[PDB]
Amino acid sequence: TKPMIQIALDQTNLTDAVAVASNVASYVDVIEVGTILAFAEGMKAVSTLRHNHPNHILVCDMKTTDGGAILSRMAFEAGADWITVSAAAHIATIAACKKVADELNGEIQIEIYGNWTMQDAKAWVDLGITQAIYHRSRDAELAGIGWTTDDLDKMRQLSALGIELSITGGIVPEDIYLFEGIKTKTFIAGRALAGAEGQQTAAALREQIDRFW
């Protein structure tokens, strides 16, 4: 609906992450266990956060590429509401993750990486998947060229298929206007939503979200 504010926790230990979750909980809608924290600490991270923050949407960012039935179940059982699955997973793996999600009252989000196509995106939607994470393209980022027409058009196409995007990649309040008319579930950021000025920046993000949704 109105895009939510999501923090990606990418700490390399649970103690630190637990202290950040505990800090930002009051002004963040979605807390994500990032893949760096997932691989540092394992599903204990997801558990501990789920118990600390029973009322937040909790994401486990595994970027699952294979072994989906098993991984999905582990993450949901540990307490995740949403899990991420790589666009590069075979469609049978994606379907296996979505089957577990539908059984456990969770959702799948496709992390868009690799040589992905619009046909792939339609396959996701055909499984009933309605979420995908769109990252500002790595080429653009490296060239310092910002958000390109190409990206915004791809996002609009994804949107026209029924995918609700989570938008990420240096997102700042001045960029928000760029995505008006794109179906957007969340804007994601890491620690620029954390610490002492995280609050201010979040109010600032929301202020701009309200204008365009």
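Counting begins at 1, following the sequence as shown.
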I need to verify one thing: averaged over C-alpha atoms only, is the B-factor higher for 196 to 204 or for 13 to 21? 13 to 21
Would you mind comparing 64 to 72 and 179 to 187 for me and telling me which has the higher average C-alpha temperature factor in the entry? 179 to 187
Could you tell me which third, lowest, middle or highest, the C-alpha B-factor of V59 occupies within its chain? lowest
Based on the entry's values, in what third of the chain does the Cα temperature factor of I31 lie: lowest, middle or highest? highest
Based on the deposited C-alpha B factors for this chain, I'd like to know if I5 is in the lowest, middle or highest third. lowest
Which third of the chain holds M155 when residues are ordered by C-alpha B factor: lowest, middle or highest? lowest
Could you look up the Cα B-factor of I171 in the entry and say which third of the chain it sits in: lowest, middle or highest? middle
